[PDB]
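Numbers and lists here come from the model and the stated rules, or from a named source; no laboratory instrument gave them. All Cβ positions, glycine included, derive from the backbone under ideal geometry; neighbour counts span all protein chains shown.
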Number of protein chains: 4
Amino acid sequence: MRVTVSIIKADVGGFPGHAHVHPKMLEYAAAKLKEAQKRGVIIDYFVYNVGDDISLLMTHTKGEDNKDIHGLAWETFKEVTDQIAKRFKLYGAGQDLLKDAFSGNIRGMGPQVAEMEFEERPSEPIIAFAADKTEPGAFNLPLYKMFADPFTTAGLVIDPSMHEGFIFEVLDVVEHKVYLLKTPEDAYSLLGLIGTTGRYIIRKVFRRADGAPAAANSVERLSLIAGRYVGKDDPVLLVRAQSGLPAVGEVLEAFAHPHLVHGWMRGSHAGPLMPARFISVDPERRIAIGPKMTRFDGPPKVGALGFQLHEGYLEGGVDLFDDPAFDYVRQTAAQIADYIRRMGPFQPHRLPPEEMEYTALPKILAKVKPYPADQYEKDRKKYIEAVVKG
Amino acid sequence: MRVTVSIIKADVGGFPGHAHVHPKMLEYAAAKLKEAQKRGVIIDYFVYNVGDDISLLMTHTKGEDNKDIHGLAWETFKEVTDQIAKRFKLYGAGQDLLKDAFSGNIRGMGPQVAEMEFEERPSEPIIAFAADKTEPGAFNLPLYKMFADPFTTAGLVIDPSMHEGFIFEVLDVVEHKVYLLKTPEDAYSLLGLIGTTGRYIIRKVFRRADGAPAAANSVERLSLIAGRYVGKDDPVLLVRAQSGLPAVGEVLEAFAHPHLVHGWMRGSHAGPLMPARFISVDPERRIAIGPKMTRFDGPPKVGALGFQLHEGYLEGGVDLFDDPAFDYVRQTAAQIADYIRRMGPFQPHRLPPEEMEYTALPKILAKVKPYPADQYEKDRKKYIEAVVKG
Amino acid sequence: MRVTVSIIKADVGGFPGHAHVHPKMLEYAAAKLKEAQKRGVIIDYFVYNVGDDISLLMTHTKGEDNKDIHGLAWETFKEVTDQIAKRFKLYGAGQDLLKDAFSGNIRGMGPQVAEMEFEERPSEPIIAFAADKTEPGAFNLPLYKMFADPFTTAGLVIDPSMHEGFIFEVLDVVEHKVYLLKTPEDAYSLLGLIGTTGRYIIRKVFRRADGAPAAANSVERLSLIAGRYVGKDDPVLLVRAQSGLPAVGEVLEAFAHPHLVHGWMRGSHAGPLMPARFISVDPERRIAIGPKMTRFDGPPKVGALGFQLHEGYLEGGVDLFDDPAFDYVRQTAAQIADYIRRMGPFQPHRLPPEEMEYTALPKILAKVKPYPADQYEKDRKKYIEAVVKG
Amino acid sequence: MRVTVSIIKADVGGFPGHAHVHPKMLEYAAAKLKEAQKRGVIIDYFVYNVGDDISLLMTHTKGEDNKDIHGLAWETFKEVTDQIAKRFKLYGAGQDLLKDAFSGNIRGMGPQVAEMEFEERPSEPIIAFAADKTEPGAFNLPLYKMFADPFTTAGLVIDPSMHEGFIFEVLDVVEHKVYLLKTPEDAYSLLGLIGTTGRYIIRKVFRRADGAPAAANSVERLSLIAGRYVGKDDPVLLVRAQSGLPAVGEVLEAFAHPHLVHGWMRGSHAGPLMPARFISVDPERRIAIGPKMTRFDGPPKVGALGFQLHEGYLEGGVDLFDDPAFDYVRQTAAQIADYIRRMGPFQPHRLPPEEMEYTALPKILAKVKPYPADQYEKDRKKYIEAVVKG
Ligand SMILES: O=C(COP(=O)(O)O)[C@@H](O)[C@H](O)[C@H](O)COP(=O)(O)O
Ligand SMILES: O=C(COP(=O)(O)O)[C@@H](O)[C@H](O)[C@H](O)COP(=O)(O)O
Ligand SMILES: O=C(COP(=O)(O)O)[C@@H](O)[C@H](O)[C@H](O)COP(=O)(O)O
Ligand SMILES: O=C(COP(=O)(O)O)[C@@H](O)[C@H](O)[C@H](O)COP(=O)(O)O
Ligand SMILES: [Mg+2]
Ligand SMILES: [Mg+2]
Ligand SMILES: [Mg+2]
Ligand SMILES: [Mg+2]
Ligand SMILES: [Mg+2]
Ligand SMILES: [Mg+2]
Ligand SMILES: [Mg+2]
Ligand SMILES: [Mg+2]
Ligand SMILES: [Mg+2]
Ligand SMILES: [Mg+2]
Ligand SMILES: [Mg+2]
Ligand SMILES: [Mg+2]
Ligand SMILES: [Mg+2]
Ligand SMILES: [Mg+2]
Ligand SMILES: [Mg+2]
Ligand SMILES: [Mg+2]
């Protein structure tokens, strides 16, 4: 049977600030999806947060880009907004749905979606990822590693079924152009694009041998609003594993170096991506509570839940960053976070100016007097005396 | 609607010594505040300890410096004293209320208060802090950082709504004088005062753009008793966050370096301020149990609980030091505590003599024979022979 | 007496690659400057390298922007080129003087200059810095710290002679505009500019009390060549110290966090700025041999030589990063270098695309087929089957 | 034969700033003492620096407090001043001799002296210490440890010849009073005094069994100048070792924890005392070049030179901090220095106000408007509106 797996994610309020979600939001969402399941809209579901982002993972047979499934998610987020977030006056209530939400970040751009449709294999292990305080390009390095780096995915070299590699669908989110690159042969060209994490983002990956969908990342084109590019952050990602696709452990190895990503405070910094445990996982209630964002509204975090599909039912989720081996990775991220923070307001800890979600540069340039450089050389002594006397 | 948020804190007994509180004290206090809520005295509340200090966080509409609210707290502490602490003969039972409590530290000086009244915003995130084994000036460094240090609060540079800075109300607790300083321009003068943490303490902070209350720290003037200055330690602090006020994560960043503070053993040492987890947080019962004070009666610790206000009701609290990123900070504090303790009785691990809560110097000077220095030079050989023969 | 201190620096060949200089280049330069000294062109000099960059430090009385002094340096570099670098076929022989040098990086842009003229004080301590494998904005963070950060320069708070702060001359190297900002009051605006290290660079600093020159950094406007901005990297910096200017140790404290800077391999990465020892310092021969660039052509390094001026004569230089306290800083930089390198070709370890000195993006875009995104959605299955069958 | 060992120390100029000395100063001093030796004024000598402080170690038979020996030192420092420091316009030329030296710290207070007279033992091992960037009380902890702490000096417990302990001569430098305390019995009283490192300083130690001089520290009473106490910093210390006095290694163990001391930048901070190697030791030329002061004008450092006396001749010196065991201690000090520096201008990293060598507090209090606290409560809203509108 063919199944679709859809993650539709949104922030509709934080608790407090942008640090976390209120547990009643998860409970409300789970109850709403249980009703949809009883009506046959969906087969199964799992509800979880990372930071202030709620992921609705849903299995169904309606295909990709389905209005009923996308509409079920939207309605669930709108009802969480109105019944829970507005009731408790949560921070940024309705953030991703309402352009006038009470927060100062990018609002009203809508949910994000990562989805795949496929014939369910004789065993169908999948991993759902969610990150907070980062951009969709945060997953470029891990996706490259797991599908194309022989230092990550041993199977590329030792599993004859993987020898032919993978096909990357890369979205230029500025010009709205798609590129298809094949590894190993196009590795250098691919990296020339996807190293620019804010512009060229891996959106989908397919197995080269047969075209099977292997991963789907939530990324959309940017919008140009009041002369700035405006994106949708805090990505979600679906990866299918095993049997010629990377092993669960090869997928997870791709997150074992907590690389610097763009986001963190005010969408305007770089910090290490910490692979984080869930606070709690309740398979029966279909809810996981993910990590909080604390120092400097982070560091950026990613959570990983594994599942096994059966006739579209989801057995799981299983927290896949829960191992002492990943404690070392978290400790590294914590130390790097402390190191980089001592840079304060300077690039490359602060992002390049065009990549900053917040800026005061127009306010600054409206007040600080410029001097054409060539004329300034003649007048410098005069201008310095004027400040001094001034 | 306008709301007042009041934290009124006291130590009325420890369990054991000065290390912690008895959980029945928290339960008694919560039950008493629930009765006040039913009668309409207060809107909502949360009860928690850090070390041996119990904070009663209360929301209400009676304004600052209200006799009913201050009296409700006093009565709650007196009843905890009589019903719980005296019953179990807790250490320092009634400490802050009774000058004759059974402990050897400063007694009977009264509760402390941190409170703010304001129009409740469309979302109203607040953080309540409590520290044990330190002075109110322990918060000088964090408050300075979060409101004035561009290496902490990115918004000062990148959020045009924050560009105008903040107004610090600084209390000289020796001469009972208030100073108002504005950052950025008065930063150096401000620091010249508040670096003297025992004398010049940040009591309130206001937003410069509109005068909005931003933070309130519990500090009062010193009392001169038997020729020593006597202060009220173990401060509490309220901070409003977001939307032109520092982000929750910028507030928390201000605690990410575990700086040395005055207090620790016997109110007479310097040690690192450890940002500590709560042992437990129960939002339904309205109680959090904070950390214990162990080695050398510390190290000094601060706890952070976040809330969202709605019509004065408190949704929370949320432990905001609960992240692996803060595990690194705690480990640093633990290592610094071990390093500094090897100094034993010497400044600057021991405090300056006028800053020590305990001293034996009068006992010492009553017994040890002085010699005027000029005459001692002539007699030194004689005096050494007299000790030797002696 | 008034004196001018000029550092004029260039790379005219490496040994091997871009890692270091040949010692005969330094010996040749020193001999040439000794001849100029005998003729009265200059008072005194010191010759040294950091990585592949040779600094000619010269004292004289000809003022800033003097053709004789600039011409003496140019001629010295041209003769080193022809007599030494071309003789031994050094790598990038004549790099900064010859557009057709044999190297693949930016060539022929000319030497850089950092110079100050002033009345020589009753004691005149100065520090000369040189960095390799980085941009002039690498010094933005240190210069800000030493002149404006009270966590670095204690004197801003505790030395009444410094209370009035400093004046920063900031160059916009894209639009060729100069801004004058005064600290403390303009700190936030200043940081809003100079955090963009590739665009807004501190060129000079002056004391606010009297206008005295305090620092001079080597930065020039960019050139727009074949549609890319082309800059002059590997900066040099002069700082005057003490007596109302930052102490030598406050200047050095500003380098005690090895912050990430732009440059390193191929002028296209970010890595930690390591404060490095000189290999050797010979005050009598007037030559210091600085550090090599090794792993990944770095990490980026800065060297610091202190001097005392007397009637323009230079007593020194003294290696000011030579202390076990700075061994810790170097070890931190070495560890951060290893961490960040595991990112490979990805931002923010790789620089933003417009900031990269090397790029293959045009070659890539000439070969990889784009698909307009809207039409790609309809054709995706077809295109994937075509790659698969292909 | 009876011998006197005298260390007379002064700063008469730095190279650069307060970081180090010029090597010609040491060479000049050694040459001058060689002439005094030829004339029979002294028996032997050794000349060395730590940071910007030059120690003249001299052996002779003229006794303590001898005008000829003190005058020889003064004259040597005055000639170094005039012939070397003023010639090269060194920083703070003549610092400790000239009230109008060109530096901003405490000037003209004179050299310091540590001296002992005794019958030369059948073997006479002695250690000379010098510290820079700290007060004489920096040696209180080490002197206490080596003579009174059984966790340091094993001989107190296991060497029957040491069982009777030691006599401490403690100087109150504020009131000019001397106390004599005997360990073990007076340990607690002693520590009650000498923990106040700025006031009660160990000046001499004697063996209790026979009164033999065991140590001499350079400390003098403070001077009250323009309402501030003014002291003489950067102490020197002589310790006799072995045979009922602490072993060389017990003396050195007392420095193996790099405890926080007062001094460092601007005489106004606390930082770890690093036991440092000499850069070079030349026994034949009678000169050792000690460490530089770098980050933040430190950290504070102590050097240790061991000697064996024979008929007053000095065989040595031997650098006693030169062992990998002390590399660990230095690394600890380097890490603690980095930790504490993140506190910036705040106590207890900044010193208590009365202990600061530099302050801007009068300048601050002359400009910042005070409000009596009781009246401020009524007017606060008005004053905040006035700043806001202002
Ligand atoms: O060693 C492994 C499994 O052995 P096990 O069942 O524990 O004996 C795994 O590493 C697998 O080899 C890996 O996950 C690839 O599995 P397939 O995708 O080939 O099933
Ligand atoms: O990036 C952040 C929030 O993004 P998110 O909701 O996770 O997309 C935060 O760092 C906020 O920018 C920060 O807390 C300031 O928020 P405001 O006070 O401007 O709402
Ligand atoms: O073990 C030691 C010497 O043994 P050694 O000569 O190496 O056999 C030292 O620790 C001494 O015991 C110590 O220095 C005390 O020596 P005295 O002062 O008793 O001579
Ligand atoms: O403590 C210091 C010097 O003391 P010293 O000569 O060793 O007694 C330095 O930190 C100076 O205070 C600092 O360099 C500032 O010096 P000035 O610029 O005021 O001379
Ligand atoms: Mg949010
Ligand atoms: Mg989010
Ligand atoms: Mg965001
Ligand atoms: Mg988001
Ligand atoms: Mg108590
Ligand atoms: Mg307490
Ligand atoms: Mg107390
Ligand atoms: Mg208390
Ligand atoms: Mg080169
Ligand atoms: Mg170079
Ligand atoms: Mg270059
Ligand atoms: Mg170059
Ligand atoms: Mg000096
Ligand atoms: Mg000194
Ligand atoms: Mg000094
Ligand atoms: Mg001195």
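Here C:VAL173, C:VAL219 are screened, and the one residue that is touching a helix residue (DSSP H, G or I) at 6+ places or on another chain (Cβ under 9 Å), in the same structural domain as C:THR4 (by CATH) and under 30 Å from D:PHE15 (Cα atoms) is C:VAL219. When residues in segment B:299-338 are screened for being closer than 18 Å to A:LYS86 by Cα and among the aromatic types (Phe, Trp, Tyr), 2 of them pass. Within this structure, B:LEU238 passes the test of being among the aliphatic types (A, V, I, L, M), within 30 Å of A:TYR358 (Cα to Cα), touching a strand residue (DSSP E or B) at 6+ places or on another chain (Cβ under 9 Å) and assigned by CATH to the domain that holds B:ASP96. Look at (1) surrounded by fewer than 24 Cβ atoms within 10 Å (Cβ to Cβ); (2) more than 13 Å from chain B (Cβ to nearest Cβ); (3) among the small types (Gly, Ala, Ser) and you find that D:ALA215 fails only one, number (1).
Scanning segment C:68-110 for residues that are farther than 29 Å from C:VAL5 by Cβ and among the acidic types (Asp, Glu) yields one hit, C:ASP100. Yes or no: D:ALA93 within 14 Å of chain C (Cβ to nearest Cβ), away from ligand 12 (no atom under 16 Å from the Cβ) and under 30 Å from D:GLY227 (Cβ atoms)? Against the criterion (within 14 Å of chain C (Cβ to nearest Cβ), away from ligand 12 (no atom under 16 Å from the Cβ) and under 30 Å from D:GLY227 (Cβ atoms)), D:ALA93 qualifies. Among the residues in segment D:159-166, are any within 18 Å of the chain's Cα centre (by Cα) and either under 24 Å from D:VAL3 (Cα atoms) or within 16 Å of ligand 17 (Cβ to nearest atom) (or both)? No, the conditions are met nowhere in segment D:159-166. Just to be sure before I move on: is D:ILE167 under 26 Å from D:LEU351 (Cβ atoms) and assigned to a strand (DSSP E or B) in the structure I sent? No, not satisfied. The single residue among C:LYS38, C:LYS24 that is free of Cβ contacts under 8 Å to residues at least 24 places away in the same chain and either in the same structural domain as C:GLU315 (by CATH) or surrounded by fewer than 19 Cβ atoms within 10 Å (Cβ to Cβ) (or both) turns out to be C:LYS38. Among the residues of segment D:55-103 satisfying the criterion of being at negative phi and in contact with an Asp or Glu (Cβ under 7 Å, 6 or more places away or on another chain), which is nearest to ligand 16 (Cβ to nearest atom)? Only one residue fits best here, namely D:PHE88. Against the condition buried (at least 24 other Cβ atoms within 10 Å of the Cβ), of a type in the set (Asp, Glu) and away from every other protein chain (no Cβ under 14 Å), how does A:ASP53 come out, does it pass? Yes, satisfied.
Taking D:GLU135 as the residue in question, decide whether it is touching a residue at least 60 places away in the same chain (Cβ under 8 Å), more than 16 Å from ligand 3 (Cβ to nearest atom), assigned by CATH to the domain that holds D:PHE255 and among the charged types (D, E, K, R). Answer is yes for this residue. Picking from residues in segment D:1-22 that are outside any loop (DSSP other than H, G, I, E, B) and more than 21 Å from the chain's Cα centre (by Cα), the one that is farthest from ligand 17 (Cβ to nearest atom) is D:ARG2. In summary, helices (runs of 4 or more DSSP H) completely within segment A:295-390 and bearing 1 or more residues that are surrounded by fewer than 14 Cβ atoms within 10 Å (Cβ to Cβ) and within 14 Å of chain B (Cβ to nearest Cβ) occur at A:324-341, A:361-367. Go through segment B:60-78 and count every residue that is surrounded by fewer than 24 Cβ atoms within 10 Å (Cβ to Cβ) and among the polar types (S, T, N, Q). Summing the residues that are surrounded by fewer than 24 Cβ atoms within 10 Å (Cβ to Cβ) and among the polar types (S, T, N, Q) in segment B:60-78 gives 2.
For segment D:138-193, give me each residue that is buried (at least 22 other Cβ atoms within 10 Å of the Cβ), in contact (Cβ under 8 Å) with a residue 40 or more places away in the chain and of a type outside the set (A, V, I, L, M, F, W, C). Answer for segment D:138-193, where residues must be buried (at least 22 other Cβ atoms within 10 Å of the Cβ), in contact (Cβ under 8 Å) with a residue 40 or more places away in the chain and of a type outside the set (A, V, I, L, M, F, W, C): D:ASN140, D:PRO142, D:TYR144, D:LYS145, D:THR152, D:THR153. For segment A:55-96, a residue qualifies if it is closer than 16 Å to A:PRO16 by Cβ and either away from ligand 2 (no atom under 16 Å from the Cβ) or in contact with a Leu (Cβ under 8 Å, 6 or more places away or on another chain) (or both), and the qualifying residues are A:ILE84, A:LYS86, A:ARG87, A:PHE88, A:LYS89. Is it true that some residue in segment C:115-126 is at positive phi and crowded, with 19+ Cβ neighbours inside 10 Å? Among the residues of segment C:115-126, not one is at positive phi and crowded, with 19+ Cβ neighbours inside 10 Å, which makes the answer no. Return yes or no: is C:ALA85 within 16 Å of ligand 13 (Cβ to nearest atom) and buried (at least 24 other Cβ atoms within 10 Å of the Cβ)? It is true that C:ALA85 is within 16 Å of ligand 13 (Cβ to nearest atom) and buried (at least 24 other Cβ atoms within 10 Å of the Cβ). Reported count of residues in segment C:222-273, each being among the β-branched types (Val, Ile, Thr) and either within 16 Å of ligand 9 (Cβ to nearest atom) or free of Cβ contacts under 8 Å to residues at least 60 places away in the same chain (or both), is 1.
Which of (1) facing another protein chain (nearest Cβ under 9 Å); (2) surrounded by 21 or more Cβ atoms within 10 Å (Cβ to Cβ) does C:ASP210 not meet, given it meets every other one? It is condition (2) that C:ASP210 fails. Scanning segment B:66-99 for residues being in a loop (DSSP other than H, G, I, E, B) and farther than 22 Å from B:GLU135 by Cα gives a total of 6.
Out of C:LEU143, C:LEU181, C:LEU171, report the one residue that is out of contact with any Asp or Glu (no Cβ under 6 Å at 6 or more places or on another chain) and over 16 Å from C:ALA216 (Cβ atoms). That would be C:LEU181, the only listed residue that is out of contact with any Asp or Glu (no Cβ under 6 Å at 6 or more places or on another chain) and over 16 Å from C:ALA216 (Cβ atoms). Being crowded, with 24+ Cβ neighbours inside 10 Å, in contact with a helix residue (DSSP H, G or I) (Cβ under 7 Å, 6 or more places away or on another chain) and not in a loop (DSSP other than H, G, I, E, B): is that true of C:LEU237 here? When the stated conditions are applied, C:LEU237 passes them.
Within segment C:173-192, the set of residues being assigned to a helix (DSSP H, G or I) and more than 7 Å from every other protein chain (Cβ to nearest Cβ) comprises just one member, C:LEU190. D:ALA226 falls short on exactly one of the conditions (1) under 22 Å from the mean Cα position of the chain (by Cα); (2) small (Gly, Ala, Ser); (3) more than 9 Å from chain B (Cβ to nearest Cβ), and that condition is (1). For segment A:250-276, taking the residues that are within 16 Å of ligand 6 (Cβ to nearest atom) and in a loop (DSSP other than H, G, I, E, B), the one that is surrounded by the fewest Cβ atoms within 10 Å (Cβ to Cβ) is identified as A:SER268. Note on segment B:127-172: among residues that are farther than 30 Å from C:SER189 by Cβ and within 9 Å of another protein chain (Cβ to nearest Cβ), the one that is farthest from ligand 10 (Cβ to nearest atom) is B:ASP172.
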